[PDB]
């Protein structure tokens, strides 16, 4: 009964360690269900929890088992039950573009070549493919050289989705996890299902998800589906027959954090999931710092205010908003380019003022130590982009009325009470740099949402019908209230710089 649930993206390894090895785990997730519920989220998307070679989980070796680092199948079933009991759905990261090169299917294809049932699961050859783009090779025990295609590299051989066996195997994976209680799927690398290069075959990849959608919805009509199509082009995003993450809006906001004429209409993708950061990007807070060249601590409050304003927008626009774990406390982080790469935007969630306490994950500390990184005291406290006592923690923000955490909790709690946002259509009313205004309307409620992201210039509009102000936000003073004020059709309303309002019919 909620068309546009709020999604929380969790990296299990960095959330909560329930047994002391420093690694976030599945029982750890269950132990933080109260925090999730109070945050106001409707669903969790987990980064991959299948058995996999690498820490991030995107190179899978068993689709039907749980990564041992995270726990057991029993743990997973229990956690799904706990989240459900708390009104929270579970979205599974489905990684079917490729497997690990350590997947038993692939190992068998390498060993037994054309005699292997899995030879046709992949894109393989015994003919020399040296020098060809994205082709790799292994030598099996018989000394034979086996060539295979792998867009993402030698350790991620591509699956052959022209094989009906592979399609049946995808159906079995879907069936299996639906039987465990999973509520939907986030489909990894949805851009690349087909294509002989990075930007080849988006039409064929989109077409693939017609059969996939039909199958999943046949088994579970209310299933959540979202594809990761890593493109900022609205045409590419709109091609897909399933919802996708709206990278266009995300990039637009990052490029124009003080607004831009036409921002909403120009980056609109119907039914898309709205977000500001994820496990593949610089953290949004850090991006804003870089944008403003404001890297010092006296600029934190300045940055917080701009961040909050764009969260407000994706929480009120039509579509499902996605919060990346820790985004709600302003978690910082930049991708690196060696000797570590995406670890620093996937760091331990900061529960504690001091950076340490019960359940605190710290798996990164050994990673950073072995890599020789001491910047940010990373090799001792585990985080390049967080320090003890710096205000970035759940503990420090929890009872602070001006924290980003409590703003987000406030808006998400507000959101639950308004069917026009949860289920409604949308009609853009204004789409200017300093005046974003849109109606949300379901059969039960009609709202007008307005926001001025410009730090300098006010704007105004005339009411089209009688409405009541039910929310006011002042991002510059960082205060908000729900005092009701009536307005009449024909009345002019001024929207000051960095304010937002919601009016109700």
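Positions refer to the first chain, counted from 1.
Of the two segments examined, 437-445 and 50-58, it is 437-445 that shows the higher average Cα temperature factor in the deposited entry. Note on 155-163 vs 366-374: mean CA B-factor is higher in 366-374.
Of the candidates 145, 415, 332, 98, the one whose C-alpha carries the top B factor in the deposited record is 145. Ranking 17, 491, 496, 9 by the C-alpha B-factor listed in the PDB entry places 491 at the top. Ranked within its chain, residue 249 lands in the lowest third, by CA B factor from the PDB record. Split the chain's modelled residues into thirds by C-alpha temperature factor. Residue 328 is in the lowest one. For residue 115, the recorded CA B-factor ranks within the highest third of the chain. Only modelled residues enter the ranking. In the PDB entry, residue 345 places in the lowest third of its chain by CA B-factor. In the deposited entry, the Cα temperature factor of residue 321 sits in the bottom third of values across the chain's modelled residues.
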